[PDB]
Structures are given as C-alpha cells and as structure tokens.
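In: Enclosed are the sequence and the experimentally obtained structure.
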Amino acid sequence: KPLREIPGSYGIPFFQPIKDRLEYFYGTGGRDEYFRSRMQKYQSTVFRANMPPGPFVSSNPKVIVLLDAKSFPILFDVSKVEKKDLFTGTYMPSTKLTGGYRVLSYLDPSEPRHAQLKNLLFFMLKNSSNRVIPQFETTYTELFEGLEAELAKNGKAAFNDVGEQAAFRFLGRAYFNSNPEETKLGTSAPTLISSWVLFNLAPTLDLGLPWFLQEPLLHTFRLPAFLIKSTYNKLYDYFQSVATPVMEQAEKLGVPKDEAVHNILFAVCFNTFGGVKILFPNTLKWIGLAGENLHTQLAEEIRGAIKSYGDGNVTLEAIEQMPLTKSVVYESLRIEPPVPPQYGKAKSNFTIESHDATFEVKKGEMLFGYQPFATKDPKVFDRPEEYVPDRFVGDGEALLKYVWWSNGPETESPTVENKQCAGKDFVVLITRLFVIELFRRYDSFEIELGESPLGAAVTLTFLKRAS
Ligand code: HEM
Ligand SMILES: CCCCC[C@H](O)/C=C/C=C/CCCCCCCC(=O)O
C-alpha cells in the first residue's frame with residue numbers, strides 16, 4: 001500500500017463549492033453518486049472534495065472523503081482528529097437555536113463540559129433504565145393497536161407519523177415517566193421537533209424541492225432563528241418541568257439548570273428522536289422485505305425465549321437468548337446507517353490508508369466519512385448491499401467490530417474520552433424491543449414503501465397475529 005498523493009481538486013474558491021453542492025443535491029444518482037463517481041474517476045476510495053452547505057453558511061467546504069473500511073476508522077481516533085463544532089459538518093447551526101449555549105454534541109472531549117454533560121446524559125439513561133422495557137411495551141402496544149384499526153378501516157396505515165408520536169411518547173414515558181400527550185404539547189411534538197431541526201440542518205438538508213427553491217431559501221443563508229423561537233419554547237417548557245431529577249444531577253455536576261434543560265432537550269429531540277425517526281421505519285422495512293422465513297423464525301425465537309427465560313414477558317435475560325433477533329437489529333444498523341456523515345479535523349500531521357495506498361493528512365484538514373459506503377465494503381462484508389438477517393450470528397459476531405452506526409466499533413462503548421453515541425446501548429435495546437414487540441404480536445406482516453427524504457415512508461398492508 002504505497003504512499004500516494006490524495007487525488008481530487010477543490011477548484012476555484014467560490015464557484016466550485018457551489019457547483020459541487022448543486023451536484024450533491026440534484027445530480028442524477030443522488031449524493032451516493034456524488035461519491036461513487038468520484039471513487040471511480042480517481043480509482044481511489046479516499047479523495048479531495050467540497051461538501052455542502054458551502055458559500056455563506058460554511059466558510060470552509062474543503063474536505064478529504066473516506067469511503068472504505070480501512071481508512072474510515074481514523075475518524076474515531078480522537079487522539080488524531082478533533083471533534084469541535086463539527087457534529088453537523090463544515091458548519092455549525094447558530095447557537096441561538098440552542099439557548100445561546102454550545103451543547104454537548106458539538107464539544108471535543110478536551111472540553112471539561114464534554115465529560116460533564118456526557119455524564120449528565122449517562123445519568124438520564126441509567127436513571128431511567130427500569131422504565132424502558134415496561135414503558136416500551138405500553139407505548140407500542142398502543143401503536144400497533146392504533147395501526148390495526150386504521151388498517152381494517154381503509155386497507156392501509158402509514159407508519160412514519162404515528163410511529164414518531166409513539167417514539168416521543170415512549171421517550172417521555174421512560175426518560176421522565178411522563179406522557180407528553182397529556183400536556184399542552186398534545187400529539188404534536190414530532191412536528192415541533194421537525195420544524196426546529198429543519199431550522200438547524202436546513203443548509204445540508206435535501207427536502208426534494210426544486211433547486212430554484214432550495215438554493216435561495218435553504219442552502220445559501222441561515223434561517224432567522226427568531227422565527228422558530230416560539231416553537232422551541234413549547235418543547236423547552238416540557239423538558240424543564242419533567243426533567244427534574246436529571247436537572248438536579250446537572251447541578252451536582254457543576255452544570256446550571258438552564259444550560260442542562262437545553263442539552264436534555266437536544267439529546268431527547270435531536271439525538272434520540274431524530275435517530276429513531278429514521279432507524280425504526282428502515283428496520284421495519286428491511287425486515288418487511290426479508291420475506292417470511294425470517295418472520296416465522298423471528299416470531300418463533302422471540303416467543304420461545306420469552307417463555308423459557310422471560311416467564312411470559314420481555315426481560316434482558318430472555319433477549320440474550322434471541323441470537324437472530326440481535327443479528328437482525330445489527331444488520332439493519334450496518335446496511336443503512338441512520339446518521340451517514342462523520343467528520344474529524346486533523347490535529348497533527350499523520351498518515352492513513354485505504355485498501356491499496358497511503359495518504360498524508362496535514363494538521364488542520366477536515367476528514368469526512370460517508371459511513372453507508374464504509375460499512376458496505378466487500379473487502380469486509382460479503383454480498384454487502386444485501387440484507388442478510390443472520391449476518392452477525394455465530395462467527396458473525398466477530399464482524400461487530402465493523403458496525404459503526406454509533407460513530408465507533410459496535411464492540412465499544414461511549415466514554416468521556418471519545419465522541420461515541422452516549423445512548424449507544426440504549427438504542428440497540430429499544431430497537432430490539434421494537435422488533436421484539438412487533439413479532440410478539442404478529443406472526444408476520446407485509447408492507448409497501450414509498451419515497452421521501454426521511455428514507456422509508458412505510459405503509460403497512462397486512463398483519464397476521466398470534467393466538
Ligand atoms: C438510533 C438512534 C441514534 C443514532 C443513529 C445516533 C447516532 C449518533 C452519531 C452518529 C453520533 C456521532 C456524531 C459525531 O460525529 O460526533 C452520535 C452522538 C451522540 N449521541 Fe446519538 N444516536 C442515536 C440515539 C441517541 C440517544 C437516544 C442519545 C441519548 C442519550 C444519544 C446521544 C448522543 C450524544 C450525547 C452524542 C455525542 C457524544 C459526545 O459528545 O461524545 N444518541 N449519535
Ligand atoms: C445528514 C444529516 C444527519 C442528521 C442526523 C440527526 O440525527 C437527524 C435528526 C433529525 C432528522 C430529521 C429532521 C427532519 C427531516 C425532514 C425535513 C424536516 C421535517 O419536516 O422534519
């Protein structure tokens with residue numbers, strides 16, 4: 001693997017970043033093609049490139065693209081890449097959209113508040129790791145139920161919207177033993193959250209709207225924060241009066257209540273919610289398309305393990321007796337990473353390598369990985385583009401080191417020293433509980449997709465039951 005100069009150009013300083021941007025957003029093939037075609041052009045899985053949002057919202061579009069499993073890892077190595085204000089990318093949503101504070105996600109582990117706010121989050125999870133399983137069944141048994149009636153009523157039932165309401169219902173319930181739909185928020189949190197997240201991510205979001213609408217309105221400037229302000233407080237009011245326990249630990253940690261509430265609100269609405277809004281529909285999708293031997297076996301495993309080890313109910317012991325169910329949730333996480341882009345700014349002059357070359361990285365350069373590609377490396381995973389349910393079963397467990405949806409080997413856990421998903425163990429559980437509940441009710445199901453910028457736009461059409 002010879003030392004080579006990283007291929008790719010940045011072109012003229014203003015025109016290029018804009019032109020590429022348009023390519024990234026409207027070129028036939030989507031952003032996936034933006035990378036694949038460059039991978040092909042330079043016969044390299046590591047190359048130079050501009051990345052949105054470019055122009056006025058971003059002052060530095062220049063990055064180095066990582067597309068292979070060999071190089072991609074450097075991004076986890078916090079000893080070499082910095083993780084300051086790049087949670088999104090080459091731009092950071094105005095702080096006005098987050099209480100004036102720079103929330104946890106944007107902090108480098110070398111920042112005291114990082115370890116502080118992360119522990120605060122570790123408390124919120126642990127301190128609620130007892131309502132998770134109970135409160136989950138309760139919320140999705142509301143959901144499937146609600147979906148069952150809507151099905152027989154008109155033939156089909158959309159999953160996405162309802163699923164999000166349940167998601168936020170389940171989060172409040174567990175994290176704070178609260179049903180938000182019993183407060184002023186009503187069943188209208190998913191909308192508040194979207195409206196708010198849109199303001200933040202607007203510069204790098206493709207809503208599938210005409211380029212002559214998206215470019216002027218969403219991709220050249222930042223949206224006036226004052227507009228969202230009203231909506232943001234509606235969510236702020238909720239968290240402030242329900243996150244009491246967690247709001248106290250924040251003081252015990254040296255963090256003010258106000259700043260804490262803004263970080264809690266972010267973690268629950270942006271991190272948690274934003275992620276499940278995507279992962280669940282896709283997981284329900286990949287399984288759905290798997291056929292029936294999966295369904296029949298998934299329902300078989302879950303129930304058997306529920307009797308044998310759960311005594312007639314879901315428990316951590318029983319889950320550990322669901323090898324297929326575990327692998328399934330992992331595969332979903334491998335085949336379609338809910339949060340694709342990982343960034344890292346080089347702190348020193350070091351070297352990295354692809355499957356067939358080496359490259360010099362200089363202090364100050366931004367490294368960018370497109371995970372969906374890296375986790376689909378044929379040199380690592382067989383029939384990569386396929387969803388193999390039992391891929392991580394048996395000796396497959398040894399590949400977990402390669403599942404990076406949480407910004408790090410699935411075989412590792414989040415710490416204050418790293419930038420790995422704080423709710424890592426949390427999502428793996430609830431995504432299993434998701435699949436677990438599903439088949440603990442249905443012997444099988446069928447579904448038809450639909451396109452959307454979110455991902456699946458799933459609608460159910462059939463639902464065999466137990467008994
Ligand atoms: C399945 C849903 C979720 C997905 C896909 C997801 C994904 C991610 C990713 C990719 C990062 C890395 C960002 C970076 O580049 O620096 C991240 C960070 C983070 N996530 Fe999540 N996440 C999910 C759920 C959650 C939940 C439920 C929590 C709540 C406790 C959470 C808390 C965090 C925190 C606190 C960080 C930053 C930690 C740090 O500063 O080191 N995430 N998440
Ligand atoms: C490439 C951006 C990655 C963001 C990862 C983050 O976890 C996402 C959070 C929420 C995403 C969904 C936000 C709404 C997307 C649809 C457009 C806005 C809306 O109407 O909801």
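Out: Great, that's in hand. Residues are numbered from 1 along each chain as shown. Ligands and ions are numbered 1, 2, ... in the order given.
In: And for residue 259, the neighbour number?
Out: Residue 259: 19 surrounding residues under other C-beta atoms under 10 Å. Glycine gets a C-beta too; all of them are placed from N, C-alpha and C.
In: right, and it touches residue 104 too?
Out: No: Residue 259 lies out of contact with residue 104 (C-beta atoms under 8 Å); the separation is 10.2 Å.
In: any common contacting residues for these two?
Out: Overlap of the contact sets of residue 259 and residue 104 (by C-beta atoms under 8 Å, 6 or more residues apart in numbering) is empty.
In: State the distance from residue 157 to residue 429.
Out: Distance check for residue 157 against residue 429: by C-beta to C-beta, to the nearest Å, it reads 26 Å.
In: Show me where the stretch 151-300 of the chain has its strands.
Out: 157-158 (DSSP state E, counting those that start in this stretch).
In: For it, which residues are neighbours of ligand 2?
Out: 194, 197-198, 201, 204-205, 207, 270, 274-275, 277 (C-beta under 6 Å from any ligand atom).
In: again, 5 Å this time
Out: Counting by C-beta under 5 Å from any ligand atom, the stretch 151-300 of the chain comes close to ligand 2 at 194, 197-198, 274.
In: And the residues you listed, which is closest to ligand 1?
Out: Distance to ligand 1 across those (C-beta to the nearest ligand atom) is lowest for residue 274, with 7.4 Å.
In: Could you count how many residues lie near that closest one?
Out: 18.
In: Surely it touches residue 197?
Out: Yes: between residue 274 and residue 197 there is a contact under C-beta under 8 Å: 6.3 Å.
In: Stretch 158-175 near ligand 1 at all?
Out: No: judged by C-beta under 5 Å from any ligand atom, stretch 158-175 and ligand 1 are separated, with a smallest distance of 7.9 Å.
In: Can you show me the helices along the stretch 51-200 of the chain?
Out: Taking DSSP state H, counting those that start in this stretch as the test, the helices found in the stretch 51-200 of the chain are 112-126, 132-154, 160-176, 190-201.
In: My error: substitute the stretch 301-450 of the chain in the last question.
Out: 316-319, 323-335, 371-374, 424-439.
In: Quick check: which of those helices is buried the most?
Out: Among the helices of the stretch 301-450 of the chain, ranked by average contacts under mean count of other C-beta atoms under 10 Å, first place goes to helix 323-335 (a mean of 23).
In: now it and helix 424-439, what's the angle there?
Out: Helix 323-335 and helix 424-439 meet at an angle of 120 degrees, taking axes from the mean of the first three to the mean of the last three C-alpha atoms, to 10 degrees as the criterion.
In: returning to that earlier point: can I have the buried ones of the residues of the stretch 151-300 of the chain next to ligand 2 as a PyMOL selection?
Out: Of those, the buried ones go into a single PyMOL selection, burial set by 16 or more other C-beta atoms under 10 Å:
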select buried, resi 194+197+274
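In: How many residues are close by residue 146?
Out: Number of residues near residue 146 (other C-beta under 10 Å) recorded here: 15.
In: check contacts around it.
Out: residue 162.
In: how much space between it and ligand 2?
Out: Residue 146 sits at a distance of 21 Å from ligand 2 (criterion: C-beta to the nearest ligand atom, to the nearest Å).
In: Distance of that residue relative to residue 449?
Out: 21 Å.
In: Just say which of the helices of the stretch 51-200 of the chain is most tucked in.
Out: helix 160-176 (a mean of 22).
In: helices or strands up against it?
Out: When contacts are defined as 3 or more C-beta pairs under 8 Å, 6 or more residues apart in numbering; DSSP states H and E, helix 160-176 packs onto helix 132-154, helix 190-201, helix 274-288.
In: how about 10 Å then?
Out: With contacts taken as 3 or more C-beta pairs under 10 Å, 6 or more residues apart in numbering; DSSP states H and E, helix 160-176 sits against helix 112-126, helix 132-154, helix 190-201, helix 225-240, helix 244-252, helix 274-288, helix 424-439.
In: and the residues of the stretch 151-300 of the chain next to ligand 2, which two are the farthest apart?
Out: 198 and 274 (11.3 Å; C-beta to C-beta).
In: check contacts around the closest residue to residue 283 other than its chain neighbours.
Out: Distance criterion C-beta to C-beta, 6 or more residues apart in numbering; nearest residue to residue 283, sequence neighbours excluded, is residue 332 at 4.4 Å. Residues near residue 332 by C-beta atoms under 10 Å, 6 or more residues apart in numbering: 279-280, 282-287, 338, 387, 389, 403, 405, 431, 434-435.
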